[PDB]
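A single chain, nothing else alongside it, follows as structure tokens in the form deposited without this ligand.
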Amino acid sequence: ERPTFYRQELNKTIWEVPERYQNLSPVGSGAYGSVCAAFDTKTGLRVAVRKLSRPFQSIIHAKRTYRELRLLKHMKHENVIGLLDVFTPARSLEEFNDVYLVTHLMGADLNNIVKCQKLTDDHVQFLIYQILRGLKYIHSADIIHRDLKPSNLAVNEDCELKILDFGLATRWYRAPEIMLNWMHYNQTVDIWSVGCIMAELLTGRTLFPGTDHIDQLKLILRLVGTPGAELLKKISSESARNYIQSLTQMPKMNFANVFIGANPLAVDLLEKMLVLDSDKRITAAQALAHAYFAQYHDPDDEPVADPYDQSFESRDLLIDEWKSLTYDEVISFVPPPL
């Protein structure tokens, strides 16, 4: 059951794909690889076909390719990007060179939505709900996205949302304890991101649009107050604690003064997401039970994920061993039902 492939050259890139993928139109390149928009004649969907660039040129890249394929193959949730297909033209491991990934082609991200209409409070509830729904699932497999932001959130005409682009304007949504490497971060780094996204959808302004890391950190600390003793004790870097102790202390602001005219339940949830100490931020699963989502919360329709074995991260392997493991993941892929 190996498909028929056809080979063509678009840009300076060669594409060898099964003939089910028609009218390949290049949509750009980068470190993530070349991407073409295409038509999937088997499912009738428009898809993105992503060809990885140099997936096995180093130990580092070969392991990175394996990590990506394992992760994408595990994500099965209606609010998270899923893998429609993965393929190689190679008929054997010894021919194995190229990896292609296929996803549903996403027609608009959250920024494109905001540029075409004014969102209602109900739109915001549903968008944020779906982010938190997806995160509960991601976090339940001990995955941290690390890079939530509006450009990584796809939205369709029915206002249905999907989390895209798992990690490994760029800093504005990032938690302060990883923007400056204060500590080993938990998954509530993503909850901070959701807070920044939510505040921006409500006010129409970026919450913390700092230029450099320091300028940004001061805007954050102006809203949420400077770290107290309990948080300082959790910061590993002696230099970080010394920098923090040099700052003039600042109390937390009253958010109702910052977000005047927003649904008080929305403001209340933001207060629970944008807490400086990550150990006290609301989790995705708790946040779904917040009164703000009462129209959408359904405890029996907020699934968790299967356990995700990441013990490969501590394996020290040869470049061709990472390449062989990736090949197994390619040949063992089962497509989703439809």
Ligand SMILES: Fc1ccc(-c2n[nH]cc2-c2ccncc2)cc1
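In case it trips you up, residue 1 is the first one in the sequence shown, and so on.
The same protein also exists as the form deposited with this ligand bound; that form is not shown, yet it is the one meant from here on.
Trainee: Taking the pose of this ligand in the entry with it bound and superposing the surrounding C-alphas, is this site open or blocked by backbone or C-beta atoms within 2.4 Å of 3 or more ligand atoms?
Mentor: Judged against this ligand in the entry with it bound, the pocket is blocked.
Trainee: Under a 4.5 angstroms heavy atom criterion, identify the one residue in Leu207, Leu202, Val267, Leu221 near this ligand in the entry with it bound.
Mentor: Partner contact (heavy atom, 4.5 Å) among the options: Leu221.
Trainee: Which one, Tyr129, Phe87, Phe259, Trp182, lies within 4.5 Å of this ligand in the entry with it bound by heavy atoms?
Mentor: That would be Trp182.
Trainee: At 4.5 Å between heavy atoms, is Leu288 in contact with this ligand in the entry with it bound?
Mentor: Heavy-atom contact with this ligand at 4.5 Å: absent for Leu288.
Trainee: Answer yes if any heavy atom of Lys252 is within 4.5 Å of a heavy atom of this ligand in the entry with it bound; otherwise answer no.
Mentor: Judged by the heavy-atom cut-off of 4.5 Å, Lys252 is well away from this ligand in the entry with it bound.
Trainee: Is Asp309 a contact residue for this ligand in the entry with it bound, using a 4.5 Å heavy atom cut-off?
Mentor: Contact check for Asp309: no, nothing within 4.5 Å of this ligand in the entry with it bound.
Trainee: So, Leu276 and this ligand: in the entry with it bound, are they within 4.5 Å at any heavy atom pair?
Mentor: Flag for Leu276 set to yes.
Trainee: With the partner left out here, which residues of 157 to 180 have a non-hydrogen atom within 4.5 Å of this ligand in the entry with it bound?
Mentor: Contacting residues: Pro176, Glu177, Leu180.
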